[PDB]
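One structure below.
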RNA sequence: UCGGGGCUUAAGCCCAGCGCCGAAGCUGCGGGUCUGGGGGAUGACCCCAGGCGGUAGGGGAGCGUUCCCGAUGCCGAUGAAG
RNA sequence: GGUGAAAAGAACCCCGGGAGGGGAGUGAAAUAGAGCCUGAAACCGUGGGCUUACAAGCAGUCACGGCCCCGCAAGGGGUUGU
Ligand SMILES: [Mg+2]
Ligand SMILES: [Mg+2]
Ligand SMILES: [Mg+2]
Ligand SMILES: [Mg+2]
Ligand SMILES: [Mg+2]
Ligand SMILES: [Mg+2]
Ligand SMILES: [Mg+2]
Ligand SMILES: [Mg+2]
Ligand SMILES: [Mg+2]
Ligand SMILES: [Mg+2]
Ligand SMILES: [Mg+2]
Ligand SMILES: [Mg+2]
Ligand SMILES: [Mg+2]
Ligand SMILES: [Mg+2]
Ligand SMILES: [Mg+2]
Ligand SMILES: [Mg+2]
Ligand SMILES: [Mg+2]
Ligand SMILES: [Mg+2]
Ligand SMILES: [Mg+2]
Ligand SMILES: [Mg+2]
Ligand SMILES: [Mg+2]
Ligand SMILES: [Mg+2]
Ligand SMILES: [Mg+2]
Ligand SMILES: [Mg+2]
Ligand SMILES: [Mg+2]
Ligand SMILES: [Mg+2]
Ligand SMILES: [Mg+2]
Ligand SMILES: [Mg+2]
Ligand SMILES: [Mg+2]
Ligand SMILES: [Mg+2]
Ligand SMILES: [Mg+2]
Ligand SMILES: [Mg+2]
Ligand SMILES: [Mg+2]
Ligand SMILES: [Mg+2]
Ligand SMILES: [Mg+2]
Ligand SMILES: [Mg+2]
Ligand SMILES: [Mg+2]
Ligand SMILES: [Mg+2]
Ligand SMILES: [Mg+2]
Ligand SMILES: [Mg+2]
Ligand SMILES: [Mg+2]
């Protein structure tokens with residue numbers, strides 16, 4: 001408001017372009033040795049446990 | 001309805017250099033980079049012969065151009081204007097001085113820049129003896 | 001009797017957005033941006049229809065002069081020759097002969113040569 | 001064989017048997033017309049003097065018609081001035097028969 | 001064949017749920033169940049929940065086999081926004097749009 | 001930085017000459033409109049010539065929207081308006 | 001301000017805490033499903049075709065070329081490289 005403000009509506013082009021790096025990435029997962037299910041590596045998870 | 005050529009074929013050519021007046025020669029070279037001599041001239045495709053110059057380190061030039069004529073060169077920074085005289089061009093990179101001319105005589109667009117790539121200048125000769133090479137004058 | 005705007009305005013707008021299909025961004029979606037674009041478009045074409053005459057007036061001349069010089073003479077002379085001999089043929093375009101049907105060009109060359117001297 | 005011919009103001013290369021639309025003509029919708037105008041041939045026949053001194057090319061007129069409309073727009077800015085016209089040029093279609101000449 | 005499911009009027013901005021949807025478009029059902037299971041986003045919960053329903057329909061309504069169905073396609077569309085005022089400095093007031101989403105997942109048999 | 005490249009018995013200046021390129025100017029071909037003259041006993045229509053950049057502004061001819069007469073009519077479920 | 005001729009306003013089963021859906025069912029029609037006739041535009045999204053990472057722009061126009069699509073054909077439509 002006070003002082004600076006956009007000089008022009010951003011085009012739907014430039015807008016979406018800015019957003020080119022917004023996409024997510026799937027979580028890193030590995031099949032836990034004990035159970036069959038998936039776990040995030042280096043972590044314990046329910047429906048399972050650990051050795052000592 | 002006017003004719004339109006098909007996929008041509010790169011005619012190569014071999015030009016001398018010694019004794020040739022820089023600009024005078026530069027003209028002919030350009031007209032060869034474009035078609036303009038090939039009657040199937042097509043201004044949007046590029047099919048002008050490949051040109052290969054040799055012994056460019058020997059080009060003639062009138063007046064006192066060797067000291068008078070100086071090439072400018074701007075870098076983005078302040079005072080970035082460089083003033084290199086002809087004498088120093090040939091003394092160092094000499095194939096350079098032939099380029100700064102023909103390039104300056106080619107069209108400006110994206111095609112023009114492709115044409116520049118069809119030019120091969122050396123101080124030698126001893127250019128890479130690929131294939132065609134019909135010397136001219 | 002009241003005559004509300006009704007359909008009239010929509011149809012006139014819609015009728016122009018058609019005309020403006022394929023234009024970049026708003027120039028093809030907004031009626032107002034469209035009309036503006038179309039204005040220039042009409043003038044650009046009208047001016048280019050006059051241009052197209054010259055776009056070939058040239059192309060041919062080069063192509064002619066091109067093959068023309070293979071035979072040792074230049075366009076400006078070639079025409080002096082042809083025009084001298086009264087050979088009003090070869091409306092520049094038809095001097096595509098330089099391309100296909102070369103011999104005939106070579107013929108016209110000698111004719112023009114003999115005419116001039 | 002090749003044959004340069006003049007009509008409707010423009011010139012045209014012509015082959016035996018060849019469909020070709022040209023500037024409108026006043027002629028039966030099927031009649032035969034020699035374009036008595038002719039220059040050159042497929043075997044060299046330069047029209048030294050303007051026309052070929054004695055020859056011509058036969059052609060039956062397919063029919064008549066009007067070309068696709070062209071919108072001629074005129075617009076002068078700052079000055080509330082616009083004009084719009086639809087133009088459709090007429091043209092008689094031709095079928096080249098003989099090069100006899 | 002194919003079996004769809006749609007959760008309409010979900011109180012959550014579409015721009016934000018869309019990220020999670022893009023994350024599982026065309027992947028297996030088992031793959032998605034895991035992806036959405038460990039994706040860190042409020043949107044996952046919703047997209048997962050509609051994903052699950054899309055399965056039951058596939059099976060309990062269209063015979064298709066769980067052991068081999070995937071996300072043929074998916075997408076979110078924006079529904080009507082709840083607008084609210086918002087007191088601002090010097091007495092001015094802004095409206096703030098609490099937006100909303102229609103989430104859609106469509107499944108299909110793996111191969112044939 | 002002469003627009004640039006580049007140019008020196010010139011691609012500079014002066015004097016002479018033959019060419020060619022070059023506009024939406026002029027010609028060719030087709031068409032429109034107006035105006036005038038002519039044929040048309042004829043409206044219709046045909047022929048010939050000429051005019052047709054345009055702001056303020058004057059004049060002329062049309063297009064669409066709502067409603068009324070034409071309607072105790074006519075179209076409409078084999079599909080109205082949109 | 002407007003479901004439909006009529007509530008015949010969707011029993012029952014399925015996923016879900018609910019919302020909301022998917023089937024089943026009513027109806028001439030459910031994309032008439034309940035702020036429900038018609039449902040335009042801006043605006044957001046999914047899929048498909050053409051296109052783009054050496055390129056200088058009032059975003060178009062003119063020409064040629066490539067790809068994709070229509071028709072036996074001459075041809076036409078979309079896109080855009082120079
Ligand atoms: Mg000096
Ligand atoms: Mg370009
Ligand atoms: Mg450009
Ligand atoms: Mg009004
Ligand atoms: Mg202007
Ligand atoms: Mg102005
Ligand atoms: Mg100069
Ligand atoms: Mg002299
Ligand atoms: Mg009269
Ligand atoms: Mg009278
Ligand atoms: Mg005038
Ligand atoms: Mg006027
Ligand atoms: Mg006045
Ligand atoms: Mg009137
Ligand atoms: Mg009646
Ligand atoms: Mg009836
Ligand atoms: Mg019925
Ligand atoms: Mg009927
Ligand atoms: Mg119907
Ligand atoms: Mg009405
Ligand atoms: Mg009720
Ligand atoms: Mg239900
Ligand atoms: Mg609870
Ligand atoms: Mg319910
Ligand atoms: Mg159902
Ligand atoms: Mg039924
Ligand atoms: Mg129906
Ligand atoms: Mg139904
Ligand atoms: Mg409908
Ligand atoms: Mg309905
Ligand atoms: Mg509602
Ligand atoms: Mg609504
Ligand atoms: Mg009704
Ligand atoms: Mg819409
Ligand atoms: Mg897309
Ligand atoms: Mg590609
Ligand atoms: Mg570009
Ligand atoms: Mg530029
Ligand atoms: Mg295809
Ligand atoms: Mg066909
Ligand atoms: Mg383009």
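For the stretch C:31-85, what class follows from the C-alpha gyration tensor (a ≥ b ≥ c being the square roots of its eigenvalues): rounded when a/c is under 1.5, otherwise prolate if a/b is larger than b/c, else oblate?
It comes out prolate by the Cα gyration axes.
Taking only DSSP H segments of four or more residues, each worth -39500 (n - 2.57), what value at 222 nm results for chain B once the sum is divided by all its residues, to the nearest 500 deg cm²/dmol? Mind dumping the intermediate values first?
Details: 4 runs with 34 residues, N = 137.
For chain B, the value works out to -7000 deg cm²/dmol.
Between E:47, E:20, E:59, where does the largest GNM mean-square fluctuation fall for chain E, given springs only between Cα atoms within less than 10 Å?
E:59
Just from its helices, what would the mean residue ellipticity at 222 nm be for chain E, if runs of 4 or more DSSP H residues each count -39500 (n - 2.57) and the sum is divided by every residue, rounded to the nearest 500 deg cm²/dmol?
Numbers: 3 runs with 40 residues, N = 112.
Mean residue ellipticity at 222 nm (helix-derived): -11500 deg cm²/dmol.
Once you average over the residues of B:55-62, how many Cβ atoms of partner chains fall within 10 Å of each Cβ? Please report the intermediate quantities before stating the final value.
Values: counts 0, 0, 0, 0, 0, 0, 0, 0.
Counting Cβ atoms of other protein chains within 10 Å of each residue's Cβ and averaging gives 0.
Across peptide B:32-42, how many C-beta atoms of other chains are within 10 Å of each residue C-beta, on average?
5
I'm a student and want to see the number: the projected area of the Cα convex hull of chain D, averaged over all directions, in nm².
Here the figure is 8.8 nm², rounded to one decimal.
Sort out for me the Cα centre separation of the stretch D:37-101 from the stretch C:1-72, rounded to whole Å.
The stretch D:37-101 and the stretch C:1-72 have Cα centres separated by 24 Å.
Using only Cα atoms and rounding to the nearest 10 degrees, what angle (0 to 90) does helix B:22-33 make with the longest principal axis of chain B?
Helix B:22-33 and the main axis of chain B meet at about 30 degrees.
Is the C-alpha gyration tensor of the protein assembly as shown telling us rounded, prolate or oblate? Criteria: a/c under 1.5 is rounded; beyond that, a/b larger than b/c is prolate, otherwise oblate. Present the calculation step by step, with values, prior to reporting the outcome.
On the way: a/c = 2.28, a/b = 1.59, b/c = 1.43.
The shape class here is prolate.
Return the average number of partner chain Cβ atoms within 10 angstrom of each residue Cβ along peptide C:88-98.
Whole-number average of other-chain Cβ neighbours for C:88-98 is 6.
Is it possible to state the helix-based mean residue ellipticity at 222 nm for chain C, with each DSSP H run of 4+ residues giving -39500 (n - 2.57), the sum divided by total residues, to the nearest 500 deg cm²/dmol? What is it?
-22500 deg cm²/dmol
Read-outs throughout are calculated quantities, based only on the coordinates presented, and are distinct from any laboratory measurement. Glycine also receives a Cβ, built like all others from the backbone with ideal geometry; neighbour counts cover every protein chain displayed.
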